[PDB]
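Coming up are structure 1 and structure 2: the same protein chain in two forms, each one given alone as structure tokens.
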Structure 1
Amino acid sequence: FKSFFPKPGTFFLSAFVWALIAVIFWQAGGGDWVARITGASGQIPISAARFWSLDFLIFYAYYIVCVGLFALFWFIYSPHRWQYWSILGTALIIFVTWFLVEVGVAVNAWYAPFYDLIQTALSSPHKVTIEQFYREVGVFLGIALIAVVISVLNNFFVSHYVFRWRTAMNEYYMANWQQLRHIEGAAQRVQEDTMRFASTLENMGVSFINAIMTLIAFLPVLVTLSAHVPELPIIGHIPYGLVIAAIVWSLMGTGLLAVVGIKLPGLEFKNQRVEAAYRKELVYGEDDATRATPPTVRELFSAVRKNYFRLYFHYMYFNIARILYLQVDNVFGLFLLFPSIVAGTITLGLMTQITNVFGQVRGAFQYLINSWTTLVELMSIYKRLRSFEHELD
């Protein structure tokens, strides 16, 4: 952290404070003054002309200004070698993640008129000419193409950024090689754990930020779509029933998976430990010629076997929970809309848009849990690096 970023304990807290201040100045009483003096209107299109409209251009300028002020403050406070990759690069990565979230929002918004047109066409044969079906696709290819470009550039920057992190660590570690040569495993912390830590931490930060942005972006969409769903099944009418039910279902699924999966990281760590002990005994037997006796290896492999079998048994409960949640899903977004379908309050486009919102929020949570899967590995790498650097400090 100290090798790549500026003073990190202050750095991340100041970044969060500045982000909160900027959000409170923008998404509140004073973020519309720029549009008032510029003439940004507010009726953004549904095609790919949103991303260079006056509102989006104004937001881009505001983000550039805020990041410039933050970067200037951190450049004058304490200059750093990698200050153009840790401060500006991270800001660019966050902005591109937000831009991809907004591209997804644009596609979700486009799903409504397209499926309204599909319903109109299927209502009566040859009521809708095929040309009106091409233009709609001509709209989607306008948006998706942008998501084709930026994302490709994003994966290009992130990787490079990640590699710089390694350099920032590596150029430090090999700068103290003489004072840090004696520590066991030094040949692996500098080589492998460096890239592993950098890549995993960067990916996890992106995952967390992406999930937060997806929720923030798709809560208002669900709130404004809930005006067409005046009755949930069984329970009847509930104020803001659609968004409340979606949030409750998502957090209930995540909490259920967490509760059934609290012992899984512990069992994973236990089996890793016993397998490491097996490897250590094998290493001793490599040259001692009397250590890896049949009784010792038999006992060690029995321990490995039972510690794997326990994990295989608990993952069965976790799989039951996860698969049941994923199969009850995909018919839950429609389950909430069944009374609206019956009563004819929503069209095909609104139904598809709501289902897409639910699916994208669920996918964000699943990607977050995918990160939580390798949380154990990242914690192991960080503890290894901290122990490795501890004696030198």
Structure 2
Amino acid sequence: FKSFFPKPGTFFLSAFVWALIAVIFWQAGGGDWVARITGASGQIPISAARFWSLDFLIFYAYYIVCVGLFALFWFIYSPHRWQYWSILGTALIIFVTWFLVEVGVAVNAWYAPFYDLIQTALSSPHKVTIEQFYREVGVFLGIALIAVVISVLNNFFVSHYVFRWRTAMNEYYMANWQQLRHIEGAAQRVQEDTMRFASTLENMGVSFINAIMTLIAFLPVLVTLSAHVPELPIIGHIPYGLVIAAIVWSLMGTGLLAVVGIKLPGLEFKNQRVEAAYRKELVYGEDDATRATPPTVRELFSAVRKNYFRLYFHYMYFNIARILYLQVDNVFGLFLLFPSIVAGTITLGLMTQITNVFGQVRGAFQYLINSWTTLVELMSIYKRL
């Protein structure tokens, strides 16, 4: 961190403070202030033309100015020679991660008009025309084309960004190679731990910040869709019944599913430990006739057998919870809507829009169980350095 980041003690803190000041000036007052001055309409089209509308273009100017003010503060205070990749570089990655969420809510808002058109078509033959369907696909391809261009440039940029981190650290380590040479375990602390640190930290950083963004974007649309689901199957009418049930079910994908699988990383460590122990007796067996004695290697293999057999049995418990959850998840999204489907309040557009937002919110809490590898791996690497 000391390399590739200007003073990480006050950086990552002045950034977080500045983010809250900018957000409070936008989402808790203000925001409409600049929008009213410029005369923004305040309406957002479902088409791909939303991304260059006046409402969105205001945010782009605000983001650049706020980052520009933040950059100019650090571009004079403590220059670091990696500013344009450390401060400006990560600002683009945060912004692009937010933009790729707005394309997600754009297609989600597109299912409501598209599938309401399918429902109209199936109810009566030739009530709609074929030319009406093509202009609905032609709108989705506008959003999809934007997502394709931004996503490929996002992965292209972030891959250099993590590589400029290795270039920065190796520049610092090599300049002190005369003292760091004698340290045991080198030539992988500088050759293998540099990438596995930068690559995994960025992966955790974007994934964690993507979870917050996709919850901020998709919880409000669940709330505004909860007006069309007044009642739930078994518990009857409950205020905000849809979002409360959506949150609780989504936690099951990272709660009970993670509780039963918390012992798996512990058992995995023991298996690789006994594998390394088997290696140690095997490597000494090559150089000498003694060691790797056939009575002895039988002991080490009987020790790796039992540790694998215990992992297989414990992973069976995790498989039952995970597989059953996925199978039920195919119909739980539709299960909640049964008292509303029968009542005629929900149309086909909302039924597939509500089903879609369930997956996106589920993919948010997925960034706890699925990212758990990165959270523990970051500390597994930062301790060596």
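Each residue is numbered by where it sits in the sequence of structure 1, with counting from 1. Definition used throughout: the rigid core is the maximal C-alpha set that superposes within 1.5 Å between two forms.
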{"query": "Rigid core superposed: residue 290 CA moves 2 Å or more between structures 1 and 2", "finding": "yes"}
{"query": "Shift of residue 152 between structures 1 and 2 at or above 2 Å (CA, core fit)", "finding": "no"}
{"query": "Rigid-core-superposed Cα shift at residue 368 between structures 1 and 2, Å", "finding": "4.0"}
{"query": "Cα displacement of residue 109 between structures 1 and 2, once the rigid core is superposed (Å)", "finding": "0.2"}
{"query": "Value in Å for the CA shift of residue 321 between structures 1 and 2, taken after the core is superposed", "finding": "2.0"}
